[PDB]
Structures are given as C-alpha cells and as structure tokens.
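Below: one structure, written as structure tokens.
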Amino acid sequence: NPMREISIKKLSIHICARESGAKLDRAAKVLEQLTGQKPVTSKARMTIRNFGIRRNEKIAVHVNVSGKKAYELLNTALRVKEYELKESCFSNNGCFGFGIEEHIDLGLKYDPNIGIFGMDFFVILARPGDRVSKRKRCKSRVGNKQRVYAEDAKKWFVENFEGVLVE
RNA sequence: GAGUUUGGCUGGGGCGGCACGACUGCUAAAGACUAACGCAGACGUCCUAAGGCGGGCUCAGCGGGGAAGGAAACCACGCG
C-alpha cells in the first residue's frame, strides 16, 4: 500500500497574449523567469473576425513542469487565493485548476516595460503504475482500483495545505 | 472572268443536341458479353512535391475541468 499514494503528475501554466507580435515576448519572458524553462507557442486553427485572429499565427504560450519543482509553485499560487477553492472546480477524473488574475502577486517584481499578465493553473493527480497506458510495448488500460476520483482528490487537498472547500 | 467545294448520326428532313474519341455508377435478369436522342455525373488538366524512402504519431466527434472568454479563440484529462 505505498503503491497507492496520490501525487502531482504534471502542472500546466499558460497565458493568452491574444494577438501575436510584441505582446508575446513580454509574456514569453514571464513564464521563463517564473518557472525557469523556455515556453512553447501556439497557433490558431481558423480565422475569426469577431475575435480578430487569422489561421496561422501565435495566440498563447504555455509550459509543463513536474517533479518537486511543481509542488512549491503550487504552494505560492494557492496562498494568493487564501488556500480555498470552489468545490465545483474538481472534475470526474482527479483534475482541478484555477486562474490568477494579475501577474504580480506571486513573485517577479514590476519592471513596467512588461505589464501585468494573467495566468491559468491546471493540476493532474495520479498514483504509481500509470505508465502502463503511456509506454510503447504492451500498451494497456489502468484499472479502477487505481484511478483517482473526485472525492479522492478533494481530501488530498485538505491534507497538504489545510484548505477549505467553498460551496 | 475561270475551275471547284459547301461531312455524319436523327422515331421524315430542317433548327437544336452530340448518344462522333474516351472514364465511373445504374439500366443488365448472382461467370464473361449485351440495345435506345435510356437515367446521374465527369474529361483535353494539375503537382520539385501533391514523386521516392526512413522515422514518430492519430482522425471526425462526445463527456468532465480551467482569469477577462461569450454560440465559435487556446491549454488539458478520459473515451473514441
């Protein structure tokens, strides 16, 4: 039963500097300085005039981090929300997330050349043995006795931060 | 002023159309062949990759999530 502990699988952060160009590289230096890795850009699938986007250009930037590096990034962003989350943000399969409004609450000092950006945090939990569906030889399906669920993920949250479940 | 020519198919001929070379499905009666100015369409091009080969991946769509974000922006999990 040490093979049944829940843990942070992967953490995702991304900013939508809507129309590409000069506003991108301001954000692209934020994610690098906050985490420490170069981020990745994203293209638009189709062209929309009501939003003002073409079919091939940048819209957003994101980055995926793991390990113990992601465990402490998750601690700093939660304190900005007083260590409390809405109860309806948890999903069927052990995932939850939230959005940070203003860039300068977590860290990085102002530098008025950049601006203030919003973030988006998403978290994925899991137990060991998840590799059996990601590998190459003998790819398979996990099994229900593993497979973190919603209420299994709530009570993981009130044990590592002493949070509170609104609503 | 001289010599000569001014196609064919066709429910008569002419006007119109091309069933005049040629591809796909049906008419066609469970091997192949099989008619009508029968039905529904397409051809006289286009491509230095839209050709050849190695490697890595999964598509249309649905379900639960995420600051401004809405019917439609992007991230991402579970199925397909």
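Proteins come first, then strands; the chains are lettered A, B, ... in the order of their sequence lines, and each starts at number 1.
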For [N], pucker side given by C1'-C2'-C3'-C4' sign:
N	value
B:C77	north
B:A28	south
B:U34	north
B:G8	north
B:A50	south

Separation of the [atom1] atoms in [N] and [M], to the nearest angstrom:
N	M	atom1	result
B:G44	B:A40	P	22 Å
B:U48	B:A32	P	42 Å
B:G51	B:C43	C1'	24 Å
B:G64	B:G80	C1'	16 Å
B:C77	B:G70	P	22 Å

Is the distance from OP1 or OP2 of B:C75 to the nearest side-chain N or O of A:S42 less than 4.0 Å? yes

When the distance from [atom1] of [X] to [atom2] of [N] is rounded to whole Å, what number comes out?
X	N	atom1	atom2	result
A:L85	B:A67	CG	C1'	14 Å
A:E57	B:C74	CD	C1'	12 Å
A:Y149	B:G64	OH	P	16 Å
A:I59	B:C75	CD1	P	9 Å
A:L125	B:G66	CG	P	15 Å
A:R135	B:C57	CZ	P	15 Å
A:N92	B:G66	CG	P	12 Å
A:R49	B:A73	CZ	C1'	14 Å

Does [X] reach a base, just sugar-phosphate, or nothing at all? Heavy atoms under 4.0 Å.
X	value
A:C16	base
A:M119	base
A:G99	sugar-phosphate
A:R18	base

Does [N] sit syn or anti, given that only angles within 90° of 0 count as syn?
N	result
B:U24	anti
B:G54	anti
B:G51	anti
B:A72	syn

So, using salt bridge (charged side-chain N to carboxylate O under 4.0 Å, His left out) as the criterion, who are the partners of A:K58 when residues are at least two apart? none

Whichever of A:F96 and A:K43 has its nearest RNA chain B nucleotide further upstream toward 5': A:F96

Can you work out whether A:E19 or A:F121 has the more 5'-proximal nearest nucleotide on RNA chain B? A:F121

Do the six-ring planes of [N] and [M] sit under 30° apart with centres under 5.5 Å?
N	M	answer
B:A35	B:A36	yes
B:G12	B:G13	yes
B:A40	B:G41	yes
B:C26	B:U27	yes
B:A67	B:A68	yes

With sequence neighbours excluded, what pairs up with A:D25 under the side chain to side chain donor-acceptor pair (under 3.5 Å) test? none

Can you name the side chain to side chain donor-acceptor pair (under 3.5 Å) partners of A:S7, sequence neighbours left out? none

Hey, could you give me the NZ/CG distance between A:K29 and A:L108, rounded to the nearest 0.5 Å? 11.0 Å

Report the distance from atom CG of A:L24 to atom CZ of A:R18, rounding to the nearest 0.5 Å. 13.0 Å

Return the polar atom pairs (N/O with N/O) between nucleotides 76-80 of chain B and the protein under 3.5 Å, or none.
| unit_1 | atom_1 | unit_2 | atom_2 | d |
| --- | --- | --- | --- | --- |
| B:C77 | OP1 | A:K10 | NZ | 3.2 |
| B:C77 | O2' | A:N93 | ND2 | 3.1 |
| B:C77 | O2 | A:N93 | ND2 | 3.2 |
| B:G78 | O4' | A:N93 | ND2 | 3.4 |
| B:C79 | OP1 | A:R147 | NH2 | 3.1 |

Test side-chain contact (heavy atoms from CB on, under 4.5 Å) on A:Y83 and A:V164 and set out the steps. CA-CA 7 Å; A:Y83 287 90; A:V164 53; over 6 Å; no

For the residue pair A:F96 and A:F90, does the interplanar ring angle fall in the parallel (under 30°), tilted (30 to 60°) or perpendicular (over 60°) class? tilted

Take the angle between the ring planes of A:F121 and A:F98 and call it parallel below 30°, perpendicular above 60°, tilted in between. parallel

So, does A:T76 use its side chain to make a donor-acceptor pair with the main chain of A:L106 at under 3.5 Å? no

If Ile, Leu, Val, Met, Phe, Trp and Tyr residues are connected whenever their side-chain heavy atoms lie under 4.5 Å apart, and connections chain through other members, are A:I124 and A:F157 in the same group? no

Set out, in order, the CA-CA distance, both residues' side-chain angles and the distance that settles side-chain contact (heavy atoms from CB on, under 4.5 Å) for A:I104 and A:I116, then state yes or no. CA-CA 7 Å; A:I104 179 56; A:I116 310 302; 3.5 Å; yes

Verdict with reasoning, A:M119 to A:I15, per side-chain contact (heavy atoms from CB on, under 4.5 Å): CA-CA 5 Å; A:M119 318 293 312; A:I15 317 177; 3.4 Å; yes

RNA chain B base-pair string [pairs: Watson-Crick or G-U under 3.5 Å; |: paired with another strand]: ......(((......[)).)...(((..........])))....................(((.((.......)).))).

Check the pair A:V30, A:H103 against side-chain contact (heavy atoms from CB on, under 4.5 Å), reporting the backbone distance first and the verdict last. CA-CA 9 Å; A:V30 186; A:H103 149 265; 3.3 Å; yes

Might you confirm whether atom CZ of A:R49 has over 12 heavy atoms from other residues, nucleotides or ligands at distances under 6.0 Å? no

With a sphere of 6.0 Å drawn around CZ of A:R54, does it hold more than 12 non-hydrogen atoms of other residues, nucleotides or ligands? no

Which nucleotide in the list [options] gets nearest to the side chain of [X]?
X	options	answer
A:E101	B:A72, B:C74, B:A67	B:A67
A:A60	B:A73, B:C74, B:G65	B:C74
A:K136	B:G65, B:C57, B:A67	B:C57

Close approaches to RNA chain B from residues 65-84 of chain A, in residue order (heavy atom, under 4.0 Å): none

Would you say A:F90 stacks on B:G64, if stacking means ring centres under 5.5 Å apart and planes within less than 30 degrees? no

